[PDB]
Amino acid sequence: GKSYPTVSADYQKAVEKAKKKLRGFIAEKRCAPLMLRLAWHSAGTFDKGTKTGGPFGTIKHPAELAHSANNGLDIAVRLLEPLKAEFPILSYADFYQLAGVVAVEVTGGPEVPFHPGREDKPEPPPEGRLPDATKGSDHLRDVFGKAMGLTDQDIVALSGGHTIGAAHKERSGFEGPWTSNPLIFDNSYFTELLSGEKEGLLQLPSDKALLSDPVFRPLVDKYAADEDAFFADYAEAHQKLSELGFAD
C-alpha cells in the first residue's frame, strides 16, 4: 500500500551517486553490519497506532543515540557524517536507509528496492521500542507485529540480518559473530541456528525463540534449505522495514 513521493531530478541524481559512494566506503571500512544495524534501529522504532518513530533521521540525535539499545551506533553516525556532507540535498532519513540497503548489497545480499523522499523529523521516539535479546516469540510479535506492523514471516527473515556482523560485550554485553563468515550475506544464520551451539558462534535468546515457535520454525527451515527463498523474503521485509510510516 505505498504511494511514493515525487523528488526532483537533482535529488535522484544524488541518490544514485550516494549509493555508489556508500558501496565503496562501506566495503573499505568493513562496516556493513554496523550500517545495517543503524538503518534497522532507525526504522525499528515505528509504532503503527500512533505513527510515531520510524526511519526519519532521528537516530543522528544524541538523545536517540543514548538509548541503551543503540550503544555503538554513535560510531556509525560519525563514520557517515563526512559522506553525508557531500550530499546535502538528501535527508538523513534517506541516507541512513540507503546505507542499510548498500550494506546488504555489498556483502553479497539481495538488492532491496529503494525509494527516496523520507523527511527528517524533529522528535526522536521514546526509548524502549527496539527488541530485547533476552526475550522470546511473544515479545518479537509485540515489537515487530503490534508496533511496527510487519508479519511473522518478516520477523524471521529480518532476524537473518544477524548473518552479518557480531555482538560486542562493551555494547550490548553479548559477544561474537553468529556466523563463520560475518561479512558475507548468506543463509548461514539459519544453518547455524539449526545445527546447535558451535563454539565461538553467538545465539541470542531471541534467535533461539525462532526455533521453538510453530510459525517461525518452518521459516527457519525453509531459509536454511533455500537461500534464494531467504533472499526474496529478506528483501521484501527489509524494504517494508525501511518504509515504515513512509509513503502510506
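Just count from 1 along the sequence shown to find any residue number.
Peer 1: What stretch has the higher average Cα B-factor here, 17-25 or 227-235?
Peer 2: It is 227-235 that shows the higher mean C-alpha B-factor.
Peer 1: Can you tell me which stretch has the higher mean Cα B-factor, 191-199 or 38-46?
Peer 2: Stretch with the greater average CA B-factor: 191-199.
Peer 1: Among 115, 146, 84, 171, where is the Cα temperature factor highest, going by the PDB entry?
Peer 2: Of the options given, 146 has the highest CA B-factor in the PDB entry.
Peer 1: Tell me which of 94, 127, 74, 105 tops the list for C-alpha B factor in the record.
Peer 2: Highest C-alpha B-factor among the listed options: 127.
Peer 1: Taking only the Cα B-factors deposited for this chain, tell me whether residue 8 sits in the lowest, middle or highest third.
Peer 2: According to the entry, residue 8 has a C-alpha B-factor in the chain's middle third.
Peer 1: How does the C-alpha B factor of residue 215 compare with the rest of the chain: lowest, middle or highest third?
Peer 2: Ranked within chain, residue 215 CA B lands in the highest tercile.
Peer 1: Quick check on the deposited entry: does the C-alpha B-factor of residue 122 sit in the lowest, middle or highest third of its chain?
Peer 2: According to the entry, residue 122 has a C-alpha B-factor in the chain's highest third.
Peer 1: Sorting by Cα B-factor within the chain, modelled residues only, which third would residue 110 end up in: lowest, middle or highest?
Peer 2: Within its chain, residue 110 is a middle-third residue by C-alpha B-factor, going by the deposited values.
Peer 1: C-alpha B factor of residue 55, ranked within the chain: lowest, middle or highest third?
Peer 2: Its C-alpha B-factor belongs to the lowest third of this chain's values.
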